[PDB]
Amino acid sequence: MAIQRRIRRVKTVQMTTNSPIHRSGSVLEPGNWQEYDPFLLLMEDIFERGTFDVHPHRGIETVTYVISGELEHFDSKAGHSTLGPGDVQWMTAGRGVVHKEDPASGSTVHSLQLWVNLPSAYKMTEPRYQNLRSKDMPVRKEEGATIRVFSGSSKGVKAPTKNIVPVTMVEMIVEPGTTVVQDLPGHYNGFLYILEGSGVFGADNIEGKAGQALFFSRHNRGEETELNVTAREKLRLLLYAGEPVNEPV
């Protein structure tokens, strides 16, 4: 029925040790806006308390998913918040904000940090912070799968998360042998990153396993497209797809 997306590339994350308290991996490398629009980068971090300093951002949004550990968030608009395993935060930097992500004492945080571009029209928007607890997100419940919607929608199940650039961000937990479908508008650009397990993906049943990012084929605006996911092992993954900004970076 719907146009079936393909996996156009499979990236295997190569982690490096930054310091005794910090390891990291590039999932989406920086400086390739033209391929990843609206995304600017996606970084995997494993870190302890004291790793990061306070830093400004402007003209972007950052989206953190905590895989494990307890994270303390600060920003200069909203102040302090916390995140635990499975939780997300969405920080719109806009005209400017400073932030710091710091693990709780004795905790090691494993996280995924996504940057989303802001279009010129919104680069100077007021900073805003959204704390997105896993338990508060809507979920598509299917036989053998749950699809938790952190942003955008999945088969009409819509997160209330405020977006500037429309972004669909979903967490899938899929039992072995179960097939799940994610709908995407044809002009969205996206990928998924596998946290746990393995499966086959897209029109050609391309294999993917934990620690890999699988990038989606591009289609036309106005087309209804779908991505098929079949678990082989117990599968946990994050899918990110968004509307390209299409502006010189």
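Throughout, we count residues from 1 along the sequence that is shown.
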Out of 147 to 155 and 73 to 81, which stretch has the higher average CA B-factor listed in the record?
73 to 81
Average Cα temperature factor in the PDB entry - higher stretch of 26 to 34, 58 to 66:
26 to 34
Top residue by Cα temperature factor, when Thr125, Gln113, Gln89, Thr161 are compared in the entry:
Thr125
Highest recorded Cα temperature factor - choice among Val167, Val139, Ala93, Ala121:
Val139
When the deposited Cα B-factors of this chain's modelled residues are ordered and cut into thirds, is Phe215 in the lowest, the middle or the highest one?
lowest
Among the chain's modelled residues, which third holds the C-alpha B-factor of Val13?
highest
Mind checking which third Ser198 falls in for C-alpha B-factor across the chain?
middle
Which third of the chain does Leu235 land in by C-alpha B-factor: lowest, middle or highest?
middle
Among the modelled residues of its chain, the C-alpha B-factor of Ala241 falls in the third labelled lowest
